[PDB]
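K.L.:
Top line first, the protein sequences correspond to chains H and F. If you count the first sequence from 1, position 42 lands on 245 in the deposited numbering, and the numbers rise without skipping. Residues 2 to 393, 434 (the deposited numbering) are what the second sequence spells out, left to right. The beta carbon of each residue, even a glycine, is placed where N, CA and C say it ideally should be. Got a structure here, written out as structure tokens. Questions coming.
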Amino acid sequence: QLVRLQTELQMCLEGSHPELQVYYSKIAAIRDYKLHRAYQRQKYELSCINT
Amino acid sequence: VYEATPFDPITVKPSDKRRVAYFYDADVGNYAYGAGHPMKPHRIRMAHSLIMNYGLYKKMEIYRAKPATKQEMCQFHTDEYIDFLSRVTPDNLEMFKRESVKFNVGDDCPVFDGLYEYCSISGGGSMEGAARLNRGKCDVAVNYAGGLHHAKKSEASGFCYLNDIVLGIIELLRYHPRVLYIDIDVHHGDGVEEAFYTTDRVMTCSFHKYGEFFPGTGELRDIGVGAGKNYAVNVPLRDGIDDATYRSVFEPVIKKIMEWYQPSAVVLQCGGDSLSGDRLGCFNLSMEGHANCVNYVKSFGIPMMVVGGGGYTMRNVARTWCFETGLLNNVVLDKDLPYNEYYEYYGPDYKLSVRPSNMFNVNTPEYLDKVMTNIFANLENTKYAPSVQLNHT
Ligand SMILES: [K+]
Ligand SMILES: [K+]
Ligand SMILES: [Zn+2]
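Below, the structure is given as structure tokens:
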């Protein structure tokens with residue numbers, strides 16, 4: 204169990220083991236969402252200044 | 002002489018179209034009474050925004066009118082009053098302690114930076130609207146920076162410092178025999194009524210709330226003195242009046258005035274302290290109920306001059322003014338507000354709506370029957386003699 208646990212620990216501290224890859228496709232969504240909101244803000248603001 | 006009915010969908014009639022001249026001055030929003038005061042000119046600016054972003058500017062003509070001059074102000078006010086207004090600033094008030102005491106200045110009507118300029122803008126817009134109406138250019142003339150109807154010929158009263166409606170009607174009277182003035186604020190339109198009380202050429206008609214209220218005047222038995230007797234109509238009302246009630250009271254009074262007085266230039270004050278949710282008024286009117294008045298006064302077909310007034314919750318005045326202005330152009334707008342620079346202030350669902358509450362209506366079929374019968378009685382001594390050829434008003 205030492206072999207297995209430290210193999211997973213130093214195979215994970217790079218970023219490849221399952222647990223850290225189940226929280227990374229759950230936070231990239233949050234960042235993508237915030238960025239989409241920023242873009243929509245600017246889109247509405249500029250098309251307001253235009254008119 | 003009053004039967005209560007349901008409130009019918011407001012709807013523009015296609016047989017008449019107008020030429021709206023809208024007056025706005027990008028400076029006006031920039032003045033502020035003080036820290037906590039309920040009067041905020043900024044709301045006029047807010048309404049402008051919606052007019053731009055709804056696409057409503059494309060059927061009317063938007064003008065800045067030149068500010069009114071000192072000697073155009075002294076057509077109604079005194080020289081001492083106007084000279085005080087012109088010389089007093091928030092910095093030298095200590096050297097006017099007599100005049101401030103003497104002209105009703107200091108708590109309900111303070112002095113801010115830009116007082117005289119704000120007054121100039123209001124008066125200018127009103128007089129230029131009247132003049133353009135005299136020259137046969139426009140049919141309706143809108144000026145939301147004017148309507149400060151509580152000001153006295155020698156006194157500041159009730160957030161108002163200059164009576165621009167008096168100047169407007171004076172300019173309208175150069176070419177017209179008979180001018181009607183309608184006042185649907187929640188307070189009594191007392192400056193205009195005190196100004197035109199002993200004449201028969203201006204008929205004032207107020208729909209206000211009489212009680213332990215402001216200003217304290219305008220009873221059912223105050224109907225004019227001298228040759229102006231029966232030429233001042235008051236409709237006192239109680240709390241809670243809503244759209245159906247208000248419409249059934251408002252329509253027949255106005256229609257009988259139009260049939261008897263036969264005026265042929267209407268001024269319309271469209272104050273907004275008579276809406277549900279206002280912070281000083283106490284009525285329970287919707288946006289459709291407050292706009293059906295405008296629609297009815299417009300369905301007659303004589304030169305109208307629409308002005309502003311009260312409204313102390315900015316959101317609701319802005320929305321109802323934009324909706325009314327859309328209605329003057331034969332356009333029923335859409336309920337979803339377009340994105341604009343004030344896409345706050347419109348919580349929680351961002352729509353073109355003013356919502357009523359459930360508070361109770363203290364006005365019942367007998368009080369109103371009595372009031373309207375007294376009025377219909379007072380309102381038959383105001384016709385024109387049989388030999389007097391008119392111009393089909
Ligand atoms: K009124
Ligand atoms: K009068
Ligand atoms: Zn008022």
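Using alpha carbons as the reference points, say which of F:57, F:261, F:238, F:307 lies closest to residue 251 (chain F).
P.N.:
Per the Cα distances, F:238.
K.L.:
Candidates F:332, F:347, F:95: which alpha carbon is nearest residue 338 (chain F)'s?
P.N.:
The option with the nearest alpha carbon to residue 338 (chain F) is F:347.
K.L.:
Cβ of residue 223 (chain F) versus every heavy atom of ligand 1: is any distance shorter than 7 Å?
P.N.:
no
K.L.:
Under 8 Å, do residue 249 (chain F) and residue 3 (chain F) count as touching if we go by C-beta distance?
P.N.:
yes
K.L.:
Quick one: is residue 258 (chain F) buried, meaning 16 or more other Cβ sit within 10 Å of its Cβ, or exposed?
P.N.:
buried
K.L.:
What residues of chain F sit near residue 242 (chain H), judged by a beta carbon separation below 8 Å?
P.N.:
Within chain F, no residue comes near residue 242 (chain H); the closest Cβ sits about 14 Å away, beyond 8 Å.
K.L.:
Run the CB neighbour count on residue 24 (chain F), radius 10 Å, all protein chains shown included, and call it buried at 16 or more, exposed below.
P.N.:
Residue environment analysis places residue 24 (chain F) among the buried positions, since at least 16 neighbouring C-beta atoms fall within 10 angstroms of its C-beta.
K.L.:
Taking residue 153 (chain F) as the reference, which of F:305, F:282, F:75 has the closest Cα?
P.N.:
F:75
K.L.:
Anyone know if the C-beta pair for residue 284 (chain F) and residue 372 (chain F) falls short of 8 Å?
P.N.:
no
K.L.:
Looking at the unbroken beta strand (DSSP E) that takes in residue 390 (chain F), where does it start and where does it end?
P.N.:
First-last for residue 390 (chain F): undefined, no H or E at that position.
K.L.:
Which residues in the same chain have their Cβ closer than 6 Å to the Cβ of residue 507 (chain F), if we skip the five residues on either side of it in sequence?
P.N.:
Since the displayed chain F opens at 2 and closes at 434, residue 507 (chain F) lies outside it and no answer follows.
K.L.:
Quick one: Cα of residue 67 (chain F) to Cα of residue 237 (chain H), how far?
P.N.:
48 Å
K.L.:
Consider the C-beta atom of residue 77 (chain F) and the heavy atoms of ligand 2; say whether any pair is separated by less than 7 Å.
P.N.:
Remark: the shortest separation between the CB of residue 77 (chain F) and any heavy atom of ligand 2 does not fall under 7 Å.
K.L.:
In the segment 47-90 of chain F, which residue ranges form an unbroken beta strand (DSSP E) of at least 3 residues, counting only runs that do not cross its ends?
P.N.:
Counting whole runs of 3 or more residues, the segment 47-90 of chain F contains the beta strand (DSSP E) stretches 62-64.
K.L.:
To the nearest angstrom, report how far apart residue 235 (chain F) and residue 310 (chain F) are at their CA atoms.
P.N.:
18 Å
K.L.:
Taking Cβ positions only, does residue 235 (chain F) come closer than 8 Å to chain H?
P.N.:
Answer no: the Cβ-Cβ gap between residue 235 (chain F) and chain H never drops below 8 Å.
K.L.:
Relative to ligand 3, is the shortest distance from any of its heavy atoms to the C-beta of residue 274 (chain F) smaller than 7 Å?
P.N.:
Answer for residue 274 (chain F): yes, Cβ within range of ligand 3.
K.L.:
Quick one, are the C-beta atoms of residue 21 (chain F) and residue 293 (chain F) less than 8 Å apart?
P.N.:
no
K.L.:
Looking at chain H, which residues of the segment 333-357 of chain F have a Cβ within less than 9 Å of any of its Cβ atoms?
P.N.:
339, 340, 341, 342, 344
K.L.:
Given residue 244 (chain F), which residues of its chain have a CB within under 7 Å of its CB, disregarding the five upstream and five downstream residues?
P.N.:
The beta carbon of residue 244 (chain F) sits closer than 7 Å to those of 8, 286, 287, 289, 290, all from its chain and outside the five residues before and after it, given in chain order.
K.L.:
Please report the distance separating the alpha-carbon of residue 48 (chain F) from that of residue 205 (chain F).
P.N.:
27 Å
K.L.:
Given a cut-off of 8 Å on the beta-carbon distance, is the pair residue 241 (chain F) and residue 361 (chain F) in contact?
P.N.:
Going by C-beta atoms, residue 241 (chain F) is nearer than 8 Å to residue 361 (chain F).
K.L.:
For residue 53 (chain F) and chain H, any beta-carbon pair shorter than 8 Å?
P.N.:
yes
K.L.:
Taking a contact to mean a Cβ-Cβ separation below 8 Å, would you say residue 374 (chain F) touches residue 265 (chain F) in this structure?
P.N.:
Against a cut-off of 8 Å, the Cβ pair of residue 265 (chain F) and residue 374 (chain F) comes out as no contact.
K.L.:
Would the beta-carbon of residue 288 (chain F) be found less than 7 Å away from any heavy atom of ligand 2?
P.N.:
no
K.L.:
Of all the CB atoms in chain F, is at least one closer than 8 Å to the CB of residue 251 (chain H)?
P.N.:
Yes, contact with chain F.
K.L.:
Can you grab the Cα-Cα spacing for the pair residue 18 (chain F) / residue 327 (chain F), in whole Å?
P.N.:
12 Å
K.L.:
Residue 381 (chain F) by DSSP, collapsed to three states: which one?
P.N.:
coil
K.L.:
Let me check one thing: in DSSP terms, what residues is residue 206 (chain F) bridge-paired to?
P.N.:
F:183, F:234
K.L.:
Identify, in the order they occur along the chain, each residue of the same chain with its Cβ nearer than 7 Å to the Cβ of residue 482 (chain F), setting aside the five sequence neighbours on each side.
P.N.:
Given that chain F is displayed from residue 2 to residue 434, the structure contains no residue 482 (chain F) and the question cannot be resolved.
K.L.:
Please confirm whether residue 254 (chain H) has its beta-carbon closer than 8 Å to some beta-carbon of chain F.
P.N.:
yes
K.L.:
Report the rounded CA-to-CA distance for residue 139 (chain F) versus residue 369 (chain F), giving the unit in angstroms.
P.N.:
Whole-angstrom Cα-Cα distance: 37 Å.
K.L.:
Apply the 10 Å Cβ neighbour rule to residue 214 (chain H) and answer buried if 16 or more other Cβ atoms are within range, or exposed otherwise.
P.N.:
exposed
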